[PDB]
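S.K.: Enclosed is the structure file model.txt (compact mmCIF, C-alpha atoms and all ligand atoms).
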```txt
# COMPACT_ATOMS: atom_id res chain seq x y z
CA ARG G 57 46.94 254.05 137.45
CA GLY G 58 47.54 250.41 138.71
CA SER G 59 49.71 249.03 135.80
CA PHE G 60 53.26 250.25 134.94
CA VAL G 61 54.94 247.44 133.00
CA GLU G 62 57.87 249.60 131.85
CA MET G 63 58.89 250.18 135.47
CA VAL G 64 58.58 246.61 136.76
CA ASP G 65 62.03 245.12 137.46
CA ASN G 66 63.84 248.52 137.12
CA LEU G 67 65.95 248.04 140.28
CA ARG G 68 69.11 245.90 140.68
CA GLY G 69 71.70 245.32 143.35
CA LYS G 70 74.04 242.86 145.15
CA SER G 71 73.55 241.49 148.69
CA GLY G 72 74.73 243.98 151.26
CA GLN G 73 75.10 246.77 148.75
CA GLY G 74 71.56 248.17 148.30
CA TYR G 75 69.18 248.63 145.45
CA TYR G 76 69.89 251.11 142.61
CA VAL G 77 68.02 252.53 139.64
CA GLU G 78 69.39 253.76 136.30
CA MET G 79 69.19 257.53 135.85
CA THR G 80 70.37 259.99 133.20
CA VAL G 81 71.73 263.43 133.96
CA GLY G 82 72.59 266.28 131.60
CA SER G 83 72.56 266.97 127.86
CA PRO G 84 73.47 264.82 126.12
CA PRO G 85 72.37 262.32 128.82
CA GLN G 86 74.96 260.59 131.05
CA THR G 87 73.81 257.19 132.41
CA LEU G 88 74.48 256.63 136.17
CA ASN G 89 73.40 253.93 138.65
CA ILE G 90 71.89 255.57 141.68
CA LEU G 91 71.09 253.97 145.10
CA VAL G 92 67.37 254.41 146.06
CA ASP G 93 67.28 255.90 149.58
CA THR G 94 64.02 256.77 151.48
CA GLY G 95 66.17 257.78 154.41
CA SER G 96 67.72 260.96 152.99
CA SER G 97 66.69 263.93 150.74
CA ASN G 98 69.68 264.92 148.51
CA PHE G 99 70.37 263.82 144.99
CA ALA G 100 74.15 263.44 145.22
CA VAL G 101 76.42 261.83 142.52
CA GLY G 102 80.09 261.08 142.28
CA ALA G 103 81.54 263.86 139.98
CA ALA G 104 85.27 262.92 140.12
CA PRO G 105 87.35 259.77 139.24
CA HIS G 106 87.22 258.11 142.66
CA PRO G 107 88.94 254.75 142.12
CA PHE G 108 85.83 252.68 143.30
CA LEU G 109 83.48 254.35 140.76
CA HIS G 110 82.52 252.78 137.42
CA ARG G 111 81.12 256.12 136.05
CA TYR G 112 80.77 259.65 137.38
CA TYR G 113 78.94 262.84 136.38
CA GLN G 114 81.11 265.02 134.16
CA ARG G 115 79.53 268.51 134.40
CA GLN G 116 81.72 269.85 131.62
CA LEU G 117 79.92 267.60 129.12
CA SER G 118 76.45 268.91 129.91
CA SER G 119 75.19 271.95 127.97
CA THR G 120 72.30 272.21 130.50
CA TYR G 121 74.29 272.29 133.78
CA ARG G 122 73.85 275.43 135.89
CA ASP G 123 76.14 276.13 138.80
CA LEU G 124 74.53 277.23 142.07
CA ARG G 125 77.99 278.44 143.36
CA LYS G 126 77.41 276.94 146.80
CA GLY G 127 79.30 274.00 148.36
CA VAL G 128 77.83 271.39 150.71
CA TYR G 129 79.65 269.39 153.44
CA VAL G 130 77.76 266.34 154.78
CA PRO G 131 79.12 264.24 157.64
CA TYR G 132 77.43 260.93 158.66
CA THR G 133 78.22 258.49 161.55
CA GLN G 134 80.18 256.38 159.15
CA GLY G 135 82.05 258.83 156.86
CA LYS G 136 81.23 261.91 154.79
CA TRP G 137 80.90 263.52 151.35
CA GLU G 138 81.32 267.10 150.18
CA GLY G 139 80.56 268.67 146.81
CA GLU G 140 79.24 271.52 144.67
CA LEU G 141 75.57 272.27 144.05
CA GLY G 142 73.98 272.88 140.65
CA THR G 143 70.90 271.92 138.66
CA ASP G 144 70.59 269.93 135.42
CA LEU G 145 68.02 267.92 133.41
CA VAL G 146 67.36 264.44 134.91
CA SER G 147 65.41 261.54 133.50
CA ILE G 148 64.66 257.87 134.63
CA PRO G 149 64.94 255.61 131.56
CA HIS G 150 62.74 252.80 133.05
CA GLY G 151 60.48 255.45 134.70
CA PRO G 152 57.93 258.03 133.56
CA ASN G 153 58.66 259.44 130.14
CA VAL G 154 59.53 262.98 131.36
CA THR G 155 62.57 265.15 132.04
CA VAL G 156 62.94 267.37 135.05
CA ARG G 157 65.38 270.19 136.09
CA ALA G 158 66.62 269.03 139.48
CA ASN G 159 69.14 270.01 142.13
CA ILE G 160 72.30 267.78 141.99
CA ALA G 161 75.18 267.83 144.53
CA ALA G 162 78.31 266.90 142.49
CA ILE G 163 80.43 264.95 145.01
CA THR G 164 84.10 266.03 144.76
CA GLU G 165 85.47 264.41 147.99
CA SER G 166 84.18 261.56 150.23
CA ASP G 167 85.29 259.11 152.89
CA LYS G 168 83.67 255.70 153.72
CA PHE G 169 80.75 256.62 151.49
CA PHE G 170 81.10 254.69 148.14
CA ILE G 171 81.41 250.87 148.48
CA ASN G 172 84.50 249.25 146.88
CA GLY G 173 83.07 246.79 144.35
CA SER G 174 79.53 248.16 144.11
CA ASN G 175 77.87 249.25 140.85
CA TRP G 176 76.37 252.50 142.00
CA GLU G 177 77.84 255.94 141.98
CA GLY G 178 75.26 258.29 143.52
CA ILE G 179 72.25 258.42 145.90
CA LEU G 180 68.65 259.43 145.26
CA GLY G 181 67.35 260.86 148.55
CA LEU G 182 63.57 260.31 148.34
CA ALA G 183 62.52 261.83 151.75
CA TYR G 184 61.44 265.41 152.42
CA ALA G 185 63.04 268.88 152.24
CA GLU G 186 63.25 269.25 155.99
CA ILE G 187 66.30 266.94 156.10
CA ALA G 188 67.92 268.18 152.84
CA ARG G 189 71.51 269.56 153.25
CA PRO G 190 72.48 272.23 153.58
CA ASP G 191 68.93 273.34 154.52
CA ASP G 192 65.29 272.90 153.41
CA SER G 193 65.31 275.40 150.61
CA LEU G 194 67.26 272.82 148.50
CA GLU G 195 64.24 271.13 146.85
CA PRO G 196 64.53 267.30 146.73
CA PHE G 197 64.30 265.38 143.49
CA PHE G 198 60.84 263.94 143.91
CA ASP G 199 59.40 267.39 144.87
CA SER G 200 60.86 268.82 141.60
CA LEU G 201 59.42 265.87 139.65
CA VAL G 202 55.88 266.46 141.00
CA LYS G 203 56.10 270.33 140.69
CA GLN G 204 57.25 270.13 137.07
CA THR G 205 55.19 267.30 135.58
CA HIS G 206 51.87 265.57 135.90
CA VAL G 207 53.38 262.61 137.79
CA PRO G 208 51.12 261.84 140.81
CA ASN G 209 52.69 262.56 144.22
CA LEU G 210 53.48 258.96 145.18
CA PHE G 211 55.92 256.12 144.49
CA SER G 212 56.18 252.59 145.58
CA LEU G 213 58.93 250.02 146.22
CA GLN G 214 59.24 246.31 145.90
CA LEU G 215 62.70 245.10 147.06
CA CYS G 216 63.35 241.41 146.29
CA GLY G 217 66.13 240.03 148.52
CA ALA G 218 68.70 237.35 147.68
CA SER G 230 72.12 239.37 143.29
CA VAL G 231 68.81 241.16 144.03
CA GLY G 232 66.37 243.33 142.02
CA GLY G 233 62.93 244.89 142.53
CA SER G 234 60.82 247.67 141.23
CA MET G 235 60.32 251.28 141.92
CA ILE G 236 56.94 252.48 140.55
CA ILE G 237 57.09 256.22 140.13
CA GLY G 238 53.60 257.85 140.10
CA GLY G 239 51.52 254.82 140.98
CA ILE G 240 51.10 251.32 142.34
CA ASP G 241 51.27 248.10 140.29
CA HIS G 242 48.84 245.46 141.72
CA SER G 243 50.68 242.47 140.30
CA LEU G 244 53.52 243.30 142.73
CA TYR G 245 51.64 242.27 145.98
CA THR G 246 49.02 239.90 147.32
CA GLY G 247 46.01 240.59 149.60
CA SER G 248 45.31 244.14 150.63
CA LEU G 249 47.38 247.30 151.27
CA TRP G 250 47.12 248.57 154.90
CA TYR G 251 48.10 252.18 155.59
CA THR G 252 49.91 253.91 158.45
CA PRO G 253 50.02 257.74 158.80
CA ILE G 254 53.22 259.59 158.08
CA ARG G 255 53.62 261.37 161.43
CA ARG G 256 55.85 264.17 160.19
CA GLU G 257 57.25 264.93 156.69
CA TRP G 258 60.97 264.81 157.16
CA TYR G 259 62.05 261.16 157.20
CA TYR G 260 59.16 258.83 156.45
CA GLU G 261 58.35 258.72 160.17
CA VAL G 262 55.66 256.24 161.39
CA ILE G 263 54.48 255.05 164.81
CA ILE G 264 54.96 251.48 166.01
CA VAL G 265 52.28 250.62 168.67
CA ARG G 266 53.19 247.04 169.70
CA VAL G 267 55.93 244.44 169.07
CA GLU G 268 55.49 240.60 169.24
CA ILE G 269 58.11 237.84 168.99
CA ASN G 270 56.35 234.65 167.90
CA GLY G 271 53.10 236.30 168.92
CA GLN G 272 54.30 237.13 172.48
CA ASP G 273 54.02 240.82 173.31
CA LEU G 274 57.22 242.58 174.49
CA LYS G 275 55.02 244.58 176.92
CA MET G 276 57.15 247.73 176.79
CA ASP G 277 55.74 251.22 177.12
CA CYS G 278 55.09 251.81 173.38
CA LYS G 279 56.87 255.18 173.53
CA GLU G 280 60.03 253.00 173.78
CA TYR G 281 59.38 251.65 170.26
CA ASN G 282 59.62 255.08 168.78
CA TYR G 283 62.45 256.60 170.88
CA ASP G 284 63.27 259.07 169.32
CA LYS G 285 61.48 258.26 165.95
CA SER G 286 60.67 255.26 163.78
CA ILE G 287 61.31 255.52 160.04
CA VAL G 288 61.06 253.48 156.85
CA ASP G 289 64.63 253.52 155.17
CA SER G 290 65.61 251.68 151.92
CA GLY G 291 69.16 253.03 152.33
CA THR G 292 69.85 250.96 155.60
CA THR G 293 70.17 247.18 155.52
CA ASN G 294 69.13 246.27 159.09
CA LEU G 295 66.11 246.43 161.31
CA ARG G 296 67.47 248.83 163.88
CA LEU G 297 65.73 249.06 167.30
CA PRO G 298 66.18 251.57 170.14
CA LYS G 299 68.64 250.01 172.63
CA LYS G 300 66.15 249.08 175.39
CA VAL G 301 63.83 247.48 172.76
CA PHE G 302 66.75 245.65 171.17
CA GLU G 303 67.73 244.25 174.60
CA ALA G 304 64.14 242.93 175.22
CA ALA G 305 63.70 241.64 171.59
CA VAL G 306 67.00 239.60 171.54
CA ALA G 307 66.23 238.13 174.94
CA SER G 308 62.83 236.87 173.46
CA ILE G 309 64.43 235.72 170.21
CA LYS G 310 67.13 233.71 172.17
CA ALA G 311 64.45 232.07 174.38
CA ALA G 312 62.13 231.25 171.45
CA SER G 313 65.23 229.81 169.75
CA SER G 314 67.28 228.29 172.60
CA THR G 315 66.58 224.93 170.93
CA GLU G 316 70.15 225.64 169.68
CA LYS G 317 72.96 227.64 171.42
CA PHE G 318 74.98 230.16 169.31
CA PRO G 319 77.93 232.36 170.28
CA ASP G 320 76.34 235.36 172.01
CA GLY G 321 78.54 237.63 169.80
CA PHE G 322 76.25 236.43 167.02
CA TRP G 323 73.35 238.42 168.56
CA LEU G 324 75.43 241.59 168.55
CA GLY G 325 76.22 241.14 164.87
CA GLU G 326 79.94 240.57 165.75
CA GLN G 327 80.32 237.03 164.39
CA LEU G 328 78.66 235.15 161.58
CA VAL G 329 76.85 231.82 162.06
CA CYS G 330 77.11 228.97 159.48
CA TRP G 331 75.38 225.73 158.63
CA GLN G 332 76.03 223.07 155.95
CA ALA G 333 74.46 224.15 152.63
CA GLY G 334 70.94 222.76 152.11
CA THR G 335 69.08 223.26 155.41
CA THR G 336 69.41 226.37 157.59
CA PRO G 337 66.81 225.47 160.29
CA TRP G 338 64.46 228.51 159.76
CA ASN G 339 61.76 226.75 161.85
CA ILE G 340 63.69 227.28 165.15
CA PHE G 341 63.64 231.08 164.70
CA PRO G 342 60.52 233.09 165.66
CA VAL G 343 58.49 235.46 163.47
CA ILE G 344 58.60 239.13 164.48
CA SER G 345 55.50 241.33 164.23
CA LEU G 346 55.26 245.09 164.30
CA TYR G 347 51.85 246.69 164.82
CA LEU G 348 51.66 250.05 163.18
CA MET G 349 49.22 252.95 163.85
CA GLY G 350 46.27 252.64 161.43
CA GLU G 351 44.17 255.30 159.56
CA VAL G 352 41.31 255.21 162.07
CA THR G 353 41.25 256.19 165.83
CA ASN G 354 42.02 253.09 168.04
CA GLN G 355 42.76 250.90 164.93
CA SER G 356 46.08 249.26 164.01
CA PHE G 357 47.35 246.61 161.65
CA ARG G 358 50.35 244.28 161.89
CA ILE G 359 53.12 243.29 159.59
CA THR G 360 55.00 240.01 160.22
CA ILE G 361 58.51 239.14 158.99
CA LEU G 362 60.37 235.87 158.89
CA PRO G 363 63.86 234.72 159.84
CA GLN G 364 64.42 234.70 156.06
CA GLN G 365 64.33 238.41 156.30
CA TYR G 366 66.34 239.10 159.44
CA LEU G 367 69.07 236.43 158.92
CA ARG G 368 71.03 237.77 155.88
CA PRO G 369 73.17 235.44 153.73
CA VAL G 370 76.88 236.44 153.74
CA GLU G 371 78.66 235.26 150.60
CA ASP G 372 82.39 236.20 150.90
CA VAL G 373 82.84 232.97 152.93
CA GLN G 377 82.97 227.39 152.07
CA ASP G 378 79.46 226.79 153.66
CA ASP G 379 76.19 228.82 154.32
CA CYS G 380 76.93 231.81 156.59
CA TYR G 381 74.49 234.38 158.02
CA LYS G 382 74.66 237.65 159.83
CA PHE G 383 71.99 238.62 162.43
CA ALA G 384 70.44 241.68 160.81
CA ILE G 385 68.66 243.28 163.71
CA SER G 386 70.80 245.77 165.59
CA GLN G 387 70.64 248.28 168.40
CA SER G 388 70.17 251.99 167.49
CA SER G 389 70.56 255.40 168.98
CA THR G 390 68.61 257.17 166.27
CA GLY G 391 65.22 255.39 166.80
CA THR G 392 63.66 252.41 164.95
CA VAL G 393 64.85 252.02 161.31
CA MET G 394 62.78 249.74 159.11
CA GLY G 395 65.49 249.00 156.59
CA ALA G 396 65.73 246.53 153.75
CA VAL G 397 65.16 243.69 156.36
CA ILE G 398 61.54 244.88 156.82
CA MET G 399 61.03 246.20 153.24
CA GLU G 400 62.01 242.98 151.48
CA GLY G 401 58.90 241.32 152.95
CA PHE G 402 56.46 243.90 151.53
CA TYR G 403 55.37 246.10 148.75
CA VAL G 404 55.64 249.56 150.31
CA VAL G 405 53.64 252.56 149.01
CA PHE G 406 54.98 256.02 149.87
CA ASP G 407 51.67 257.86 149.38
CA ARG G 408 52.97 261.36 149.95
CA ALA G 409 49.75 262.98 148.61
CA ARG G 410 47.77 261.59 151.56
CA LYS G 411 50.70 261.48 154.02
CA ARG G 412 50.51 257.70 154.60
CA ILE G 413 52.64 254.55 153.90
CA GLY G 414 50.98 251.45 152.62
CA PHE G 415 52.14 247.89 153.26
CA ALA G 416 51.11 244.65 151.51
CA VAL G 417 52.71 241.21 151.22
CA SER G 418 55.24 241.29 148.40
CA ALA G 419 54.62 238.89 145.52
CA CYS G 420 58.39 238.31 145.49
CA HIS G 421 59.30 237.92 149.21
CA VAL G 422 61.55 235.04 150.26
CA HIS G 423 59.60 232.34 152.18
CA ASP G 424 59.33 228.58 152.85
CA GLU G 425 56.54 226.00 152.90
CA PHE G 426 55.49 226.61 156.54
CA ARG G 427 55.38 230.40 156.96
CA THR G 428 55.16 233.61 154.87
CA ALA G 429 55.32 237.34 155.60
CA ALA G 430 51.88 238.76 156.47
CA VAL G 431 49.98 242.08 156.69
CA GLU G 432 46.77 241.74 158.77
CA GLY G 433 44.11 243.95 160.43
CA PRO G 434 42.24 245.67 161.80
CA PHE G 435 43.28 245.34 165.48
CA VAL G 436 42.00 247.44 168.39
CA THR G 437 44.84 249.33 170.04
CA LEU G 438 44.12 252.12 172.52
CA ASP G 439 46.34 255.19 173.36
CA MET G 440 48.32 254.99 170.11
CA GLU G 441 49.10 258.76 170.31
CA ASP G 442 51.04 258.23 173.56
CA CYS G 443 53.46 256.03 171.50
CA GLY G 444 54.93 259.06 169.67
CA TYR G 445 58.03 260.75 171.11
CA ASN G 446 58.22 264.63 171.09
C1 LIG Y 1 72.78 258.84 153.11
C2 LIG Y 1 72.77 257.51 153.83
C3 LIG Y 1 73.73 256.48 153.16
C4 LIG Y 1 73.28 255.23 152.81
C5 LIG Y 1 74.09 254.25 152.18
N1 LIG Y 1 73.47 252.99 151.99
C6 LIG Y 1 74.03 251.79 151.65
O1 LIG Y 1 75.20 251.64 151.42
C7 LIG Y 1 73.16 250.60 151.60
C8 LIG Y 1 73.74 249.34 151.70
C9 LIG Y 1 72.90 248.24 151.70
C10 LIG Y 1 71.49 248.48 151.65
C11 LIG Y 1 70.57 247.36 151.65
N2 LIG Y 1 69.86 246.47 151.64
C12 LIG Y 1 70.97 249.78 151.57
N3 LIG Y 1 71.86 250.77 151.59
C13 LIG Y 1 75.45 254.51 151.93
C14 LIG Y 1 75.95 255.75 152.33
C15 LIG Y 1 75.09 256.74 152.89
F1 LIG Y 1 75.62 257.95 153.22
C16 LIG Y 1 73.15 257.77 155.31
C17 LIG Y 1 72.97 256.47 156.07
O2 LIG Y 1 71.53 256.25 155.98
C18 LIG Y 1 70.87 256.42 154.81
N4 LIG Y 1 69.60 255.92 154.71
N5 LIG Y 1 71.39 257.00 153.77
NA NA Y 2 52.25 267.94 139.07
NA NA Y 3 47.80 242.10 143.99
```
In structure tokens, how does this file's structure come out?

M.R.:
Amino acid sequence: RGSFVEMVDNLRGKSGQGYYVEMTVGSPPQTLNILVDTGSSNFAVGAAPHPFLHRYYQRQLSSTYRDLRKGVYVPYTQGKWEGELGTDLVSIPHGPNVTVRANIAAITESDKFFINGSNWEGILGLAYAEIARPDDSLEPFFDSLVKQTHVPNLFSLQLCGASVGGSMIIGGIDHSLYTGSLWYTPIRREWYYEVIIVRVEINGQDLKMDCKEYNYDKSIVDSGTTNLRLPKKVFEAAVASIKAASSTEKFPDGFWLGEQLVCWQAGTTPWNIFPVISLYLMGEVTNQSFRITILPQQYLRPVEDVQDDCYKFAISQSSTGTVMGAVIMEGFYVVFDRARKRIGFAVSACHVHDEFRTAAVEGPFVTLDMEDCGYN
């Protein structure tokens, strides 16, 4: 409880490529780097010599592998994977000192899935059974962990943005990782980590949309997506406020659609011209909310593959609802308190800020009719 020094700093990554944790699978153990993803529910690992992979799971080496004799085919918007299901012993070296028999999907064919040049070779789907493929009787990793050990039913994430690293605390919260207080929002349904956004401000000016728009058709917290994604109508209104608040300079409008990069001379990006963005989330108590505030440092992402200082606009339009991706999460320490069905936010002790502004988590606020904000 409250102090897990062996787990601090157990995540790594590179800009644009996500945050991964070291895992071992099988007997004797095979070490793999595995992307941490709160937006999906399968533990799936490269199991064949795909040319982009540093390492892959070799079932034939594991004396503890058991075949489930069932294939899985998983298409996404961008690309797909398919593989073969089994179970094996899994452990997290910089994690609790336990071993668990978990489901693993051994990926034997994929397309647009692995990143050329990245250092991970599998994905740890940390969300619930309801979105597991092929169906909800395939128990997710973290459910197996809790069922089989005395690890408490919660984990927390601190993602430190730009090389990147962070911490995933399995079984607890580490208080040195955040400042001020944790504020909690209810998990509305256990499938994704679905939450309810009740109001949206751009430099403290309310968007004034019906709040049901903010959650059309859901809002989720997703470490496996880079951007803040917003439902289309909300995106349209948010950009229009961001441009106004910022029209102290004039950028190519393709910039706002994420279609072109913008660059300044190294040394001073003018952060001060860009507004803060606040999301009010449903609180624990009737008619009570709290608000989280992110900076341009979070939503303007450095792009490194080209001489000066180039950024991509990292808020984008969505058709799958609001996605609070690594753009939101890098401001906060986020607690996935599955035992009490709630998600905690606090200011991260590592978030990227300047001398004038920081990220913020503040409450309570009085917000009426917060249940009307959910979409059915
Ligand atoms: C399973 C699925 C997925 C996710 C990923 N993520 C990343 O590459 C990735 C890249 C950068 C960041 C950051 N900062 C986080 N994730 C790759 C394939 C992939 F299939 C589907 C889409 O959405 C979710 N969350 N997970
Ligand atoms: Na348990
Ligand atoms: Na603290």

S.K.: Collect all residues with atoms no farther than 6 Å from ligand LIG 1 (chain Y), counting all atoms listed in the file, and output them as a list in words.

M.R.: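 Here is the list of contacting residues: residues 72, 73, 74, 93, 95, 96, 169, 289, 290, 291, 292, 293 and 396 of chain G.
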
S.K.: Measuring atom to atom with all atoms listed in the file, identify which of G:397, G:373, G:340, G:240 is nearest to ligand NA 3 (chain Y).

M.R.: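 Smallest separation from ligand NA 3 (chain Y) among the options: G:240.
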
S.K.: In Å, with one decimal, what is the gap from atom CA of residue 314 of chain G to atom CA of residue 370 of chain G?

M.R.: 22.7 Å

S.K.: Find the residue from G:238, G:369, G:271, G:217 that sits nearest to residue 57 of chain G; use all atoms listed in the file when measuring.

M.R.: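 Going through G:238, G:369, G:271, G:217 one by one, the smallest distance to residue 57 of chain G is for G:238.
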
S.K.: For residue 250 of chain G, which residue out of G:357, G:99, G:281, G:381 is the nearest one, using only C-alpha atoms?

M.R.: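 Comparing G:357, G:99, G:281, G:381 against residue 250 of chain G, the winner is G:357.
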
S.K.: Residues at most 12 Å from ligand NA 2 (chain Y), using all atoms listed in the file? Could they come as an MDAnalysis selection string?

M.R.: chainID G and resid 154 156 198:210 238 409

S.K.: Could you add the missing atoms to segment 295-316 of chain G, up to N, CA and C atoms, and return them as a PDB file, keeping the file's coordinate frame?

M.R.:
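Now in part.pdb:
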```pdb
ATOM      1  N   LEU G 295      67.082 245.920 160.335  1.00  0.00           N
ATOM      2  CA  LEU G 295      66.110 246.430 161.310  1.00  0.00           C
ATOM      3  C   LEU G 295      66.903 246.968 162.514  1.00  0.00           C
ATOM      4  N   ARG G 296      66.879 248.275 162.695  1.00  0.00           N
ATOM      5  CA  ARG G 296      67.470 248.830 163.880  1.00  0.00           C
ATOM      6  C   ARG G 296      66.436 249.160 164.918  1.00  0.00           C
ATOM      7  N   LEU G 297      66.705 248.832 166.190  1.00  0.00           N
ATOM      8  CA  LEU G 297      65.730 249.060 167.300  1.00  0.00           C
ATOM      9  C   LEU G 297      66.371 249.929 168.360  1.00  0.00           C
ATOM     10  N   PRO G 298      65.612 250.862 168.980  1.00  0.00           N
ATOM     11  CA  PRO G 298      66.180 251.570 170.140  1.00  0.00           C
ATOM     12  C   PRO G 298      66.793 250.536 171.103  1.00  0.00           C
ATOM     13  N   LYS G 299      67.873 250.919 171.796  1.00  0.00           N
ATOM     14  CA  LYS G 299      68.640 250.010 172.630  1.00  0.00           C
ATOM     15  C   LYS G 299      67.779 249.203 173.601  1.00  0.00           C
ATOM     16  N   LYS G 300      66.881 249.867 174.353  1.00  0.00           N
ATOM     17  CA  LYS G 300      66.150 249.080 175.390  1.00  0.00           C
ATOM     18  C   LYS G 300      65.300 248.000 174.696  1.00  0.00           C
ATOM     19  N   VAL G 301      64.708 248.364 173.553  1.00  0.00           N
ATOM     20  CA  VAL G 301      63.830 247.480 172.760  1.00  0.00           C
ATOM     21  C   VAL G 301      64.622 246.329 172.157  1.00  0.00           C
ATOM     22  N   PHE G 302      65.791 246.660 171.571  1.00  0.00           N
ATOM     23  CA  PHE G 302      66.750 245.650 171.170  1.00  0.00           C
ATOM     24  C   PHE G 302      67.057 244.638 172.287  1.00  0.00           C
ATOM     25  N   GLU G 303      67.441 245.149 173.456  1.00  0.00           N
ATOM     26  CA  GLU G 303      67.730 244.250 174.600  1.00  0.00           C
ATOM     27  C   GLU G 303      66.557 243.313 174.883  1.00  0.00           C
ATOM     28  N   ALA G 304      65.321 243.828 174.933  1.00  0.00           N
ATOM     29  CA  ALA G 304      64.140 242.930 175.220  1.00  0.00           C
ATOM     30  C   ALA G 304      63.838 241.984 174.029  1.00  0.00           C
ATOM     31  N   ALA G 305      63.994 242.459 172.796  1.00  0.00           N
ATOM     32  CA  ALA G 305      63.700 241.640 171.590  1.00  0.00           C
ATOM     33  C   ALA G 305      64.637 240.412 171.391  1.00  0.00           C
ATOM     34  N   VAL G 306      65.948 240.649 171.444  1.00  0.00           N
ATOM     35  CA  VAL G 306      67.000 239.600 171.540  1.00  0.00           C
ATOM     36  C   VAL G 306      66.779 238.579 172.628  1.00  0.00           C
ATOM     37  N   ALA G 307      66.593 239.052 173.860  1.00  0.00           N
ATOM     38  CA  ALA G 307      66.230 238.130 174.940  1.00  0.00           C
ATOM     39  C   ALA G 307      64.993 237.259 174.593  1.00  0.00           C
ATOM     40  N   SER G 308      63.917 237.787 173.993  1.00  0.00           N
ATOM     41  CA  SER G 308      62.830 236.870 173.460  1.00  0.00           C
ATOM     42  C   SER G 308      63.202 235.994 172.299  1.00  0.00           C
ATOM     43  N   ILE G 309      63.919 236.557 171.323  1.00  0.00           N
ATOM     44  CA  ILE G 309      64.430 235.720 170.210  1.00  0.00           C
ATOM     45  C   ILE G 309      65.311 234.549 170.708  1.00  0.00           C
ATOM     46  N   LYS G 310      66.248 234.797 171.638  1.00  0.00           N
ATOM     47  CA  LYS G 310      67.130 233.710 172.170  1.00  0.00           C
ATOM     48  C   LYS G 310      66.288 232.649 172.830  1.00  0.00           C
ATOM     49  N   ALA G 311      65.368 233.033 173.733  1.00  0.00           N
ATOM     50  CA  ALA G 311      64.450 232.070 174.380  1.00  0.00           C
ATOM     51  C   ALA G 311      63.685 231.219 173.361  1.00  0.00           C
ATOM     52  N   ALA G 312      62.910 231.888 172.514  1.00  0.00           N
ATOM     53  CA  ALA G 312      62.130 231.250 171.450  1.00  0.00           C
ATOM     54  C   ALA G 312      62.987 230.298 170.610  1.00  0.00           C
ATOM     55  N   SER G 313      64.298 230.530 170.606  1.00  0.00           N
ATOM     56  CA  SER G 313      65.230 229.810 169.750  1.00  0.00           C
ATOM     57  C   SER G 313      66.247 228.871 170.458  1.00  0.00           C
ATOM     58  N   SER G 314      66.228 228.888 171.788  1.00  0.00           N
ATOM     59  CA  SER G 314      67.280 228.290 172.600  1.00  0.00           C
ATOM     60  C   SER G 314      67.310 226.768 172.437  1.00  0.00           C
ATOM     61  N   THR G 315      66.514 226.287 171.481  1.00  0.00           N
ATOM     62  CA  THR G 315      66.580 224.930 170.930  1.00  0.00           C
ATOM     63  C   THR G 315      67.956 224.643 170.274  1.00  0.00           C
ATOM     64  N   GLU G 316      68.699 225.706 169.938  1.00  0.00           N
ATOM     65  CA  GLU G 316      70.150 225.640 169.680  1.00  0.00           C
ATOM     66  C   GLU G 316      70.838 226.784 170.454  1.00  0.00           C
TER      67      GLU G 316
END
```
